[PDB]
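Report on the structure given below.
Each answer follows from the model by the rule given with it, or from the source it names; no laboratory read-out is quoted. All Cβ positions, even for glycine, are placed from backbone atoms using ideal geometry, and neighbour counts span all protein chains on display.
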Amino acid sequence: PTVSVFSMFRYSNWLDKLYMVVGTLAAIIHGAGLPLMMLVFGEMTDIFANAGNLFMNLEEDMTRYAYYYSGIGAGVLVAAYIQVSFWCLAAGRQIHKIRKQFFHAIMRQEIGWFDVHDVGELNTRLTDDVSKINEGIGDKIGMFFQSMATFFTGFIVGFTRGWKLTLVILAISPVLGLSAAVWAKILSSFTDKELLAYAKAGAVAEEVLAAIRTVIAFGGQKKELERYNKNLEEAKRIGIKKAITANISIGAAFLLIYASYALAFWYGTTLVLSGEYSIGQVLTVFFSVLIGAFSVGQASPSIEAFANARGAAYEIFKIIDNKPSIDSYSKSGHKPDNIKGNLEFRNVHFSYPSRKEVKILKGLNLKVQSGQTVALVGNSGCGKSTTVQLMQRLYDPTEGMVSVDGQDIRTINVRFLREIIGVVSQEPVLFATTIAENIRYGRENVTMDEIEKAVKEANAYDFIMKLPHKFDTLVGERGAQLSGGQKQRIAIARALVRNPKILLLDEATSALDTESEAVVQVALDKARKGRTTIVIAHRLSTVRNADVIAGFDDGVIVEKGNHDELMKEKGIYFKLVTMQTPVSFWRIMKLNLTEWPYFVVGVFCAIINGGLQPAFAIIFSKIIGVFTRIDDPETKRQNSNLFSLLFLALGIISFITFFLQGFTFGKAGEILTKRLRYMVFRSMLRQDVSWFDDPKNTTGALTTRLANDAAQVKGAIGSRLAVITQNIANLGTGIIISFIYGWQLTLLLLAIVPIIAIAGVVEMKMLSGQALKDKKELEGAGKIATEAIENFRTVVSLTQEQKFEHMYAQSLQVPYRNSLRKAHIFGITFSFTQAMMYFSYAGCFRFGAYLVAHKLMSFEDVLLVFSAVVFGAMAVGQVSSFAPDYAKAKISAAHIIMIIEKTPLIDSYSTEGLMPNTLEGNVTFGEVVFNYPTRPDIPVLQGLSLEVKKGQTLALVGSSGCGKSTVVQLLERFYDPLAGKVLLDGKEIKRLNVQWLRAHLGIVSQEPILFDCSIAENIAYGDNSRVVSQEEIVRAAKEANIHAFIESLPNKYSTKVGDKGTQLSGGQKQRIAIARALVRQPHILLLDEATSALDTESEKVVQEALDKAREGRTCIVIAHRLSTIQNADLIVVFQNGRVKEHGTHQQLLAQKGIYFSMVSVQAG
Amino acid sequence: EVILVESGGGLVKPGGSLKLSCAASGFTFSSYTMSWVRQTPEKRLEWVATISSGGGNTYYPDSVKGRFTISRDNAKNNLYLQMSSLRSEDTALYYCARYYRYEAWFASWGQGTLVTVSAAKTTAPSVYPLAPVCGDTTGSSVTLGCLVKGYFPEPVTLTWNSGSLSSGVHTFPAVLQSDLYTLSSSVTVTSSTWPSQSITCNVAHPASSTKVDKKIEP
Amino acid sequence: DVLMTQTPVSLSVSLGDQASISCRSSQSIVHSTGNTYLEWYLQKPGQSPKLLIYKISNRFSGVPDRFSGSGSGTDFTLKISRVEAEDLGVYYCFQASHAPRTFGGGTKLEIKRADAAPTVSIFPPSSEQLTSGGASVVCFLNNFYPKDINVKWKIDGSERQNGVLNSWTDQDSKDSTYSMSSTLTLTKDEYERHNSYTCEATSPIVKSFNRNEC
Ligand SMILES: COc1cc2c(cc1OC)CN(CCc1ccc(NC(=O)c3cc(OC)c(OC)cc3NC(=O)c3cnc4ccccc4c3)cc1)CC2
Ligand SMILES: COc1cc2c(cc1OC)CN(CCc1ccc(NC(=O)c3cc(OC)c(OC)cc3NC(=O)c3cnc4ccccc4c3)cc1)CC2
Ligand SMILES: CC(C)CCC[C@@H](C)[C@H]1CC[C@H]2[C@@H]3CC=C4C[C@@H](O)CC[C@]4(C)[C@H]3CC[C@]12C
Ligand SMILES: CC(C)CCC[C@@H](C)[C@H]1CC[C@H]2[C@@H]3CC=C4C[C@@H](O)CC[C@]4(C)[C@H]3CC[C@]12C
Ligand SMILES: CC(C)CCC[C@@H](C)[C@H]1CC[C@H]2[C@@H]3CC=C4C[C@@H](O)CC[C@]4(C)[C@H]3CC[C@]12C
Ligand SMILES: CC(C)CCC[C@@H](C)[C@H]1CC[C@H]2[C@@H]3CC=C4C[C@@H](O)CC[C@]4(C)[C@H]3CC[C@]12C
Ligand SMILES: CC(C)CCC[C@@H](C)[C@H]1CC[C@H]2[C@@H]3CC=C4C[C@@H](O)CC[C@]4(C)[C@H]3CC[C@]12C
Ligand SMILES: CC(C)CCC[C@@H](C)[C@H]1CC[C@H]2[C@@H]3CC=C4C[C@@H](O)CC[C@]4(C)[C@H]3CC[C@]12C
Ligand SMILES: CC(C)CCC[C@@H](C)[C@H]1CC[C@H]2[C@@H]3CC=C4C[C@@H](O)CC[C@]4(C)[C@H]3CC[C@]12C
Ligand SMILES: CC(C)CCC[C@@H](C)[C@H]1CC[C@H]2[C@@H]3CC=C4C[C@@H](O)CC[C@]4(C)[C@H]3CC[C@]12C
Ligand SMILES: CC(C)CCC[C@@H](C)[C@H]1CC[C@H]2[C@@H]3CC=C4C[C@@H](O)CC[C@]4(C)[C@H]3CC[C@]12C
Ligand SMILES: CC(C)CCC[C@@H](C)[C@H]1CC[C@H]2[C@@H]3CC=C4C[C@@H](O)CC[C@]4(C)[C@H]3CC[C@]12C
Ligand SMILES: CC(C)CCC[C@@H](C)[C@H]1CC[C@H]2[C@@H]3CC=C4C[C@@H](O)CC[C@]4(C)[C@H]3CC[C@]12C
């Protein structure tokens, strides 16, 4: 990780090297601005003392010093600007370069490698790592150098003025620098700590919010809520301990600063009264050294930031440097000229590097001539798609050599070969760009005449003619705006615009109807005479007119020949053909009212922290006055001991007050956040499912709302109260004391108070390193990088690195132009505010010398007004900067309230309704129509009806996506239909009890989902509000034939299973799903794909418990395997939501319809 | 320059309380330590109090402690010493003082005020003329005199011709005996002055409001 | 308590020469900070004491540079040189190092000059005094030197009265002489009983009045 320091600046032109050198010099000069100011001030105090003791010369001398101050002001102005701007510019440019190259390197990558890392994590990683690198490079280095200069100038000034007092302060300086470092780190990392604390809970929250429909089906919302509560208690305890520690450390830092003031002034009075040092000289030395030793503390955030940058840089430069075995762009690739269609495969062995232990392929040998339509038939699992992906050189075979027209692929260019193989994969997805652009994505220079010819070959011009913006329609994300058939037809067109030499279709007519598939195949035979073609499909209507048909078995191509050859061969294909023939209010505190004690105490301490600034002035002023006036030694010694004691006491009570304020308001924030997270989670579990359907509410938005809004409400309330209190104390007292002691000077400084406050705020934002607005805005340009990799379809269809690499660069170009304007504007804003501080220092003290001159007010008074007003304003600024934005937090509280008071349609807690004591078990659907609330225009149902009696094994067979699980969601009270009538034993479900119907029945999900707990508990999951006996646990485990795999495992019924059963296999987690449904003992039982991933000996041992228990309970099984369908009672076939055939299985086998084509598919 | 002017004091009976106030002008009084010093009739000196500038530090020697309070009113630049329980020994002349930067305690002294503490009714003096036998022509001059006797307290004023005659005067210090003071003054004028124009002895005893002008006749 | 003692009390000096006063301080007067804080003061006859030196070496602003001072630890001295008749009075030492503060005993200066006989004059009692029952005869001895002078009263020539009230003025700054008055106080009856009283300054200086009134 921490290697190649000089390499992080590798992407740096000459201009950026210049910018960095000039910026660091401006930094060092800025650093030598505070110390010299303290020297000038220490001499001005000597002048005020002497002249007062006498003073008509006062004014004149002060004129001189005013010039000096103004001088330094201007200097620290220019340096400041040149520093900040220049460093920002350097970082800016480098970041841009890194960004633009990184995405490029990300775009080209072996597909095997792509399999190893997740898409989501990588995408996040790009942006987050680049922002971290920039945070380092930008300003942390310049601020480090400024601090280094401020520290060394401080110590040298302190050693030249007077060396003894600066020795003493060096002695207590380590403790001071360490305090500064700790304090800076805390302020910077306070927001980060919370994200680390909450993670353990956040995981469980994310799991259960992900699998909402499942957990709702199992009634186990309460138990899950319990787990979440436990993780919340842990998070609350961590956050409270961290609050105690942060505040004890800040309290101790303040106590140490005040004790340093007390020590320095005690020793300074011993010196001054001894005659060695003047009072202004003690001030010079002490302040130069104190400020020089605080500067060291600021360096740590900068050094820590640089280490982080180095870390992320290593992992990004690995991906850049990483050279894949197969590159997408090759200049050395040999390109052929007389490209004639010829395919040669010999001894081809290859395995996926994602799972290299399993070998799917054990050698395939093929020779395909030109114009030869070759079809390959075989069950899903032999790897037709594997051969398709092997063709385009998405990988390389581990054994043998493949060749295209004589010479092998291993010495010829990859891009030239990839452009001349038109491939359509299994699933098409329409891009977001306009359809003209999508069809243009084939090749660069295509005119609209070729476009119209290609779309008329694709026969996809009717739905282009019906919809507006016939070449300007922006299709939505992932082809959601249009239908699937139009999608696949335009995908065929998108392939055909390349004018290829070898055409490869992979399941090109999955969801297509009859006539469109027919005209598409006619168009395919229209353009097959000059090219070689390979077609993979499930429908045999487009296969029978091919050249050669072949057959996969265990990855090996077994049967070869024409149609009649495989007819007389009587193989598996002969079996196949024989079988075939908004609103926000101030009610965000009314919820935390119950915690009013913590606030009262917390307000009190609050005032005291604000009040400390005036006290420290009144003593500071007075302490300097002990050497202005003309008293004897003993009076000076006694009054100086008294005020030094007051410095110590102010420190001790500052410690106590900061600790108590922090601890109280922090426990208020913690308790508010706990209660909000718990209540919001509870109301989310109670919420309906359709609410989770809405696209505005998504699986992630809910997790993000939980972890941000619940956390920001505490800011919105507590921080607001504590900030207004601290500030009103600290500024009201200051302006009143200053109004009393001298009003002429107080008006002059009140005229400037705004700018000083704004300058404190700006410096606080610099230290806090608040995230850069520009990238936050630029987020709009990231969706390109997200989509262009997420799809991974046209990217495979065409290398597309140029088109999408350039669209990304182009979208990036706009925020870059704004980033430099931002760097200049912010440099100027920083420089002006600091220079204003120095000029204020000059103008206040000059006017004060004119006042002292005309005996209008003393010197103690001008000093007290200066401190209590000017630095009171600066403290107002800093504390108002720490406060979180009130508008963000107020809107957020309104959002949380919207969720909390949200009313669910289907109540889950109420018991009202129809509660009969008995039932029979008959279900009757009549004219039921259902439309999805997210898809109001697309009707999936058109008035179904069904009659189910006791113990009637009702099979539901149909296409993938014809309303198979819809009848389940209509039974389980997920979606109530708009029309139709459902009678449950002559009892309408809409009038019954809601939890009784969810209590009675029990189902197995379409995909098995497992909570993060032990398998014995996980398999048991399914029954609640009941004492769960372990004899029923082991009985269910024997009945589902999972008892073996449980008794085999160590800690057999305590074995911790991860998220969604990712540790154990799919057949086992499907079997334990069966054992989960089994403990319910339902009188109505539903099965949805009971044998999706299961062995043939395990299907029988699953079905034997079913057949023995199918008596007494109504059973409804929905699957694609015909094994459970042959033995069913009545069978219902669907077609676009319409019941086509119903009755017994022998009646459907007599009258040959579509169920005859369904049943007879692979039998014989 | 610095003008310090004391006022108060006079005659008081033991156990008594007095208030001496010294008006100070010219030197931004609110920024200077101020001390009070005393001098007894034995001609010795002592220290009696100090007070810091506009502040609360007060110091005292053991004797005066608990009986003497010192304060300053900056609104008008005043310094007040308030005495109580006056023992018979604090008869004295009290001078204000100022504090010099560079640490030199008593820099500018105001004019002394006289405080007399003794159980004795104010006795008015008897003023007697003093002249030679029928104006004796002595050399080339004439020495006249004036005798004030039986006077108490000590503060008494004597001038010749309202202050006209000052060149040849000899005012002798008062001698105390039997709780009564005696003082005398001489004046030497040419023979062509006194018998021609009469010389008058002006005597003022403030404590008894006594004021008498005794002409010197032959 | 610190006690300050000035060795020379009566330091008579010739006009034009150098005179030195020495003040010895117990306990080695030294403040904590390190400054001796020993100051001298001058008081002229009939005026308020004024500052001469605010420190052993430092001289107050306005003092002729002939007044010098030197001091080590527990001993200090003041060297006046070129004595001038305006430098006639009393010299005090003040120390502020210790928590009480104490002036030393005064030392008196004297401008040495030549001898001078007093201008004696005698005065009979006034008529007003004789009316009230008293008779005070006053004798003036003006402008003499040195101060050591006797005066004898002689009633009826032979008698030597001794109930007299003497009084001396301090050395005058102009001519450096002394003056004294002798007031013989007797009753009116004891006075009416004699008519021969004189005033002798001590080859004495005699002065007498022939009768009580003339
Ligand atoms: C003209 O000034 C300057 C201002 C600035 C800079 C440089 C300056 O050039 C010098 C540079 N930037 C950062 C440096 C900086 C350092 C410290 C603080 N904040 C306190 O120092 C303080 C905090 C208290 O609460 C946390 C508190 O009360 C508890 C009493 C505090 N300080 C005083 O009252 C104080 C100290 N020294 C004085 C010297 C002369 C006259 C008045 C003085 C008053 C704020 C900013 C921004 C502003
Ligand atoms: C959960 O509840 C809450 C808890 C808390 C807050 C808010 C809460 O709820 C919203 C906010 N709290 C912030 C208080 C704060 C603000 C700004 C500063 N910033 C400097 O202190 C400084 C920075 C320099 O640059 C980084 C620098 O450069 C040299 C010199 C600096 N200070 C001095 O020089 C100096 C000089 N004299 C002093 C005399 C007496 C006492 C302090 C003195 C300091 C320090 C503290 C902390 C706790
Ligand atoms: C930020 C600085 C280095 C650049 C701005 C101009 C600098 C060099 C000028 C402007 C005012 C000048 C200072 C003004 C007054 C003094 C006090 C004197 O007793 C020492 C020199 C010193 C400290 C000067 C040093 C040089 C100085 C600081
Ligand atoms: C990297 C750092 C050291 C560079 C900063 C330059 C600073 C430290 C230099 C430039 C001008 C210098 C100052 C010029 C004048 C004086 C006046 C003298 O009475 C004390 C030293 C002092 C105050 C110098 C201190 C050091 C100084 C401030
Ligand atoms: C581990 C700790 C003790 C480190 C502290 C730094 C030490 C080495 C330094 C810092 C302050 C310094 C002291 C400060 C002042 C003086 C007065 C001088 O006339 C004698 C040395 C002495 C007493 C110094 C000795 C060395 C010293 C103690
Ligand atoms: C590191 C800290 C927390 C531990 C103690 C360090 C400080 C407080 C110590 C280290 C050296 C110490 C100093 C050593 C010598 C002297 C000289 C003396 O005339 C006054 C006390 C003084 C000035 C001491 C004050 C306290 C002191 C400054
Ligand atoms: C650890 C670092 C900050 C050192 C802290 C120790 C400080 C607070 C200590 C060391 C020396 C101490 C001083 C020593 C003596 C006196 C005289 C007394 O009449 C008042 C308290 C006072 C003035 C003390 C104040 C507290 C003090 C200054
Ligand atoms: C009491 C008298 C003498 C002076 C008080 C003037 C008042 C009106 C001033 C002084 C301090 C100021 C507050 C200081 C800081 C903040 C935090 C900011 O986020 C909202 C405004 C607010 C709350 C200011 C409002 C106006 C304010 C309260
Ligand atoms: C912060 C900014 C806007 C302050 C505005 C400056 C003006 C309006 C103020 C600030 C200082 C003020 C001056 C300060 C003192 C004097 C001297 C007096 O004999 C005449 C008025 C005069 C000349 C004032 C006039 C008005 C004045 C110049
Ligand atoms: C910003 C607003 C609130 C105030 C602006 C600051 C001005 C108005 C303040 C700052 C200094 C002040 C001046 C200081 C002295 C004088 C001289 C007098 O003969 C007229 C009033 C006048 C002129 C004051 C008026 C108000 C004043 C000029
Ligand atoms: C009655 C007196 C106080 C009039 C002066 C009003 C001043 C002191 C008050 C009124 C409005 C206040 C400002 C309101 C807004 C902001 C922005 C905030 O992010 C920093 C504080 C800052 C800059 C406040 C500073 C203090 C402020 C300027
Ligand atoms: C706050 C700063 C940045 C702007 C205001 C600067 C002030 C300090 C400037 C602006 C105007 C200036 C005043 C202009 C006129 C006079 C009258 C003169 O007889 C005394 C000086 C005095 C009073 C000047 C003092 C300094 C002054 C008040
Ligand atoms: C704000 C930036 C961009 C412009 C620079 C502001 C300058 C010109 C302002 C800010 C502070 C002001 C100074 C404050 C005080 C004095 C002392 C006076 O006796 C002469 C004018 C002088 C020196 C002022 C001149 C003008 C001044 C220097």
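The table below lists the values:
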{"read-out": "Tabulated pairs, the range A:896-920, first of a type in the set (S, T, N, Q), second surrounded by 10 or more Cβ atoms within 10 Å (Cβ to Cβ), C-beta under 6 angstrom, 6+ apart or interchain", "value": "A:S908/A:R686"}
{"read-out": "Some residue of the range B:147-154 being assigned to a strand (DSSP E or B), in contact with a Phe, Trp or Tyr (Cβ under 7 Å, 6 or more places away or on another chain), more than 8 Å from chain C (Cβ to nearest Cβ) and of a type in the set (V, I, T)", "value": "no"}
{"read-out": "Test: residue in the range A:43-50 that is of a type outside the set (A, V, I, L, M), within 14 Å of another protein chain (Cβ to nearest Cβ), more than 15 Å from ligand 4 (Cβ to nearest atom) and outside any helix (DSSP H, G or I)", "value": "no"}
{"read-out": "Any hit, the range A:231-248, residues being away from ligand 6 (no atom under 16 Å from the Cβ) and closer than 22 Å to A:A1020 by Cα", "value": "no"}
{"read-out": "Filter result for the condition that a residue is out of contact with any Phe, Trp or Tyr (no Cβ under 7 Å at 6 or more places or on another chain), away from ligand 5 (no atom under 16 Å from the Cβ), in a helix (DSSP H, G or I) and not hydrophobic (A, V, I, L, M, F, W, C), over A:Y850, A:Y841", "value": "A:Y850"}
{"read-out": "Unmet criterion (only one of (1) of a type in the set (S, T, N, Q); (2) within 16 Å of ligand 6 (Cβ to nearest atom); (3) more than 23 Å from A:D631 (Cβ to Cβ)) for A:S274", "value": "(3)"}
{"read-out": "Exclusive hit being aromatic (F, W, Y), away from ligand 1 (no atom under 13 Å from the Cβ) and away from chain B (no Cβ under 14 Å), set A:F826, A:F830", "value": "A:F826"}
{"read-out": "Of residues in the range B:54-75 being of a type in the set (F, W, Y) and within 14 Å of chain C (Cβ to nearest Cβ), the one farthest from C:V9 (Cα to Cα)", "value": "B:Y59"}
{"read-out": "Residue check for C:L186: out of contact with any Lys or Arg (no Cβ under 9 Å at 6 or more places or on another chain), within 14 Å of chain B (Cβ to nearest Cβ), within 16 Å of B:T171 (Cβ to Cβ) and among the hydrophobic types (A, V, I, L, M, F, W, C)", "value": "no"}
{"read-out": "Some residue of the range A:691-698 being touching a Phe, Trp or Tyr at 6+ places or on another chain (Cβ under 8 Å) and farther than 30 Å from A:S621 by Cβ", "value": "yes"}
{"read-out": "Qualifying residue in the range A:996-1003 (condition: within 41 Å of the chain's Cα centre (by Cα), part of a loop (DSSP other than H, G, I, E, B) and not assigned by TED's automatic domain parsing to the domain that holds A:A211)", "value": "yes"}
{"read-out": "All positions within the range A:739-760 that are crowded, with 17+ Cβ neighbours inside 10 Å, part of a helix (DSSP H, G or I) and away from ligand 11 (no atom under 11 Å from the Cβ)", "value": "A:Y741, A:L745, A:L748"}
{"read-out": "Within the range A:114-154, tally of residues that are crowded, with 19+ Cβ neighbours inside 10 Å and of a type in the set (F, W, Y)", "value": "3"}
{"read-out": "Scope the range B:151-184; condition surrounded by 15 or more Cβ atoms within 10 Å (Cβ to Cβ) and small (G, A, S); matching residues", "value": "B:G168, B:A174, B:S184"}
{"read-out": "The range A:545-558 residues that are outside the structural domain of A:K570 (by TED's automatic domain parsing) and crowded, with 19+ Cβ neighbours inside 10 Å, paired with ones that are assigned to a strand (DSSP E or B) and aromatic (F, W, Y) (beta carbon under 8 Å, 6 or more apart)", "value": "none"}
{"read-out": "Any chance A:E1099 is farther than 21 Å from A:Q580 by Cβ, in a loop (DSSP other than H, G, I, E, B) and not hydrophobic (A, V, I, L, M, F, W, C)", "value": "no"}
{"read-out": "Failed criterion for A:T918 (all others in (1) closer than 30 Å to A:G951 by Cβ; (2) in contact with a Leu (Cβ under 7 Å, 6 or more places away or on another chain) hold)", "value": "(2)"}
{"read-out": "Residues that are surrounded by fewer than 19 Cβ atoms within 10 Å (Cβ to Cβ) and part of a loop (DSSP other than H, G, I, E, B), drawn from the range A:394-406", "value": "A:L394, A:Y395, A:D396, A:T398, A:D405, A:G406"}
{"read-out": "Residues being farther than 14 Å from B:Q82 by Cα and either more than 8 Å from every other protein chain (Cβ to nearest Cβ) or crowded, with 20+ Cβ neighbours inside 10 Å (or both) - total across the range B:39-53", "value": "8"}
{"read-out": "Single residue of the range C:111-133 satisfying the filter (in a strand (DSSP E or B) and surrounded by fewer than 20 Cβ atoms within 10 Å (Cβ to Cβ)) that is nearest to the other protein chains (Cβ to nearest Cβ)", "value": "C:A116"}
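Listed here are the residues, each with its yes/no results for (1) of a type in the set (K, R); (2) within 30 Å of B:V133 (Cα to Cα); (3) in a loop (DSSP other than H, G, I, E, B).
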{"site": "C:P100", "(1), (2), (3)": "no, no, yes"}
{"site": "C:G105", "(1), (2), (3)": "no, no, yes"}
{"site": "C:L109", "(1), (2), (3)": "no, no, no"}
{"site": "C:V137", "(1), (2), (3)": "no, yes, no"}
{"site": "C:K147", "(1), (2), (3)": "yes, yes, yes"}
{"site": "C:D175", "(1), (2), (3)": "no, yes, yes"}
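Yes/no per residue for (1) assigned to a helix (DSSP H, G or I); (2) β-branched (V, I, T); (3) surrounded by fewer than 21 Cβ atoms within 10 Å (Cβ to Cβ):
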{"site": "A:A454", "(1), (2), (3)": "yes, no, no"}
{"site": "A:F471", "(1), (2), (3)": "no, no, yes"}
{"site": "A:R478", "(1), (2), (3)": "yes, no, yes"}
{"site": "A:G485", "(1), (2), (3)": "yes, no, yes"}
{"site": "A:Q488", "(1), (2), (3)": "yes, no, no"}
{"site": "A:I492", "(1), (2), (3)": "yes, yes, no"}
{"site": "A:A495", "(1), (2), (3)": "yes, no, no"}
